[PDB]
2 protein chains.
Amino acid sequence: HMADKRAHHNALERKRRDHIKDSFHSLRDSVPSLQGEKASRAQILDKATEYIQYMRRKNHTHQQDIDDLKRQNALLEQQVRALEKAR
Amino acid sequence: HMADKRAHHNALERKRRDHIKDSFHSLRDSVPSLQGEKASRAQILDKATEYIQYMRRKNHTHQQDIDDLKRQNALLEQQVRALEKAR
DNA sequence: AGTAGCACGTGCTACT
DNA sequence: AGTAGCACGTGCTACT
């Protein structure tokens with residue numbers, strides 16, 4: 001019957017929607033701005049998006065800084081090895 | 001009437017849900033894994049969560065590496081300035 | 001044939 | 001008094 005066909009479809013929908021609620025919970029706890037405080041689904045999506053843009057830019061600049069200091073370490077190590085050839 | 005009260009509540013719900021659909025679109029485009037390809041809402045929430053854990057760890061190690069090279073640049077710059085005092 | 005996924009509707013709580 | 005937000009239901013498309 002229809003009441004049997006609906007109850008089965010409704011059951012499969014709740015179990016799938018409980019997995020989504022768990023994912024919002026996990027995502028909300030992944031953003032330090034929303035961690036521990038009850039936030040709406042609109043805020044979780046938007047803040048995580050802003051936080052991903054922040055992490056990508058900050059990780060990009062840090063990678064640039066690592067390359068700078070490595071090149072600077074290379075010129076310094078070579079200048080020590082050269083100055084150590086003198087007396 | 002009820003049909004008037006429902007239509008107004010349904011209208012406010014669609015406009016709010018269209019903003020959430022826009023946020024999933026923005027979030028999906030923030031993850032390089034899901035960018036450009038049609039992904040479900042369960043995947044957007046889970047992959048962004050995995051990508052945030054990845055960015056936080058990789059940004060933490062890069063910050064650690066910047067501190068190492070800076071301390072190493074400091075000992076190298078000092079060793080050059082000392083060796084430059086000789087002849 | 002069965003279902004994942006989503007648009008849309010609905011009624012309630014808890015706010016403003 | 002009005003509504004944001006959510007749990008839950010419902011019917012369809014598009015897959016397996």
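Worth knowing before you read on, the calculation uses all heavy atoms, side chains too, and leaves out hydrogens, waters and symmetry mates. Proteins come first, then strands; the chains are lettered A, B, ... in the order of their sequence lines, and each starts at number 1.
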Taking C:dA4, D:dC8, D:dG5 as options, the one with an atom nearest any side-chain atom of B:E13 is D:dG5

Step by step, work out the side-chain contact (heavy atoms from CB on, under 4.5 Å) result for B:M55 and A:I52.
CA-CA 8 Å; B:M55 293 301 298; A:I52 286 181; over 6 Å; no

Nucleotide nearest B:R16 (side chain, heavy atoms from C-beta), chosen from C:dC6, C:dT3, D:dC6
D:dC6

Write down the distance between CE (A:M2) and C1' (D:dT10), rounded to a whole number of angstrom.
12 Å

To the nearest Å, give me how far apart CG (A:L12) and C1' (C:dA1) are.
13 Å

Roughly how many Å is it from CG in B:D18 to P in C:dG9, rounded to a whole number?
11 Å

If you only use heavy atoms from C-beta on, which nucleotide in D:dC6, C:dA7, C:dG5 is closest to the side chain of A:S40?
D:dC6

Under a 3.5 Å limit for both distances, which nucleotide forms a Watson-Crick or G-U wobble pair with D:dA4, could you say?
C:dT13

Is it true that A:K47 and A:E50 make a salt bridge, defined as a side-chain N closer than 4.0 Å to a carboxylate O?
no

Grouping I, L, V, M, F, W and Y whenever their side-chain heavy atoms are under 4.5 Å apart, do A:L83 and A:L75 come out in a common cluster?
no

To the nearest angstrom, how far is A:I20 atom CD1 from C:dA7 atom P?
11 Å

Would you say A:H8 reaches C:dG2's phosphate, i.e. side-chain N/O to OP1/OP2 under 4.0 Å?
no

Phosphate contact (D:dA7 OP1 or OP2) by A:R41 side-chain N/O below 4.0 Å:
yes

Side-chain-base donor-acceptor pair under 3.5 Å for B:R17 and D:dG5
no

Taking C:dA7, C:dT10, C:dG5 as options, the one with an atom nearest any side-chain atom of B:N10 is C:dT10

What integer distance in Å separates B:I44:CD1 from C:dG5:P?
11 Å

Look at B:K21 together with B:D18 and state whether they make a salt bridge at an N to O cut-off of under 4.0 Å.
yes

Output the single nucleotide from C:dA7, D:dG11, D:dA7 whose closest atom is nearest the side chain of A:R6.
D:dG11

Could you tell me how far apart A:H25 (NE2) and D:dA7 (P) are, to the nearest whole angstrom?
13 Å

Can you tell me whether the side chain of A:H9 and the base of D:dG11 have a donor-acceptor pair closer than 3.5 Å?
yes

Hey, are B:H25 and B:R28 close enough side-chain-wise for a donor-acceptor pair under 3.5 Å?
yes

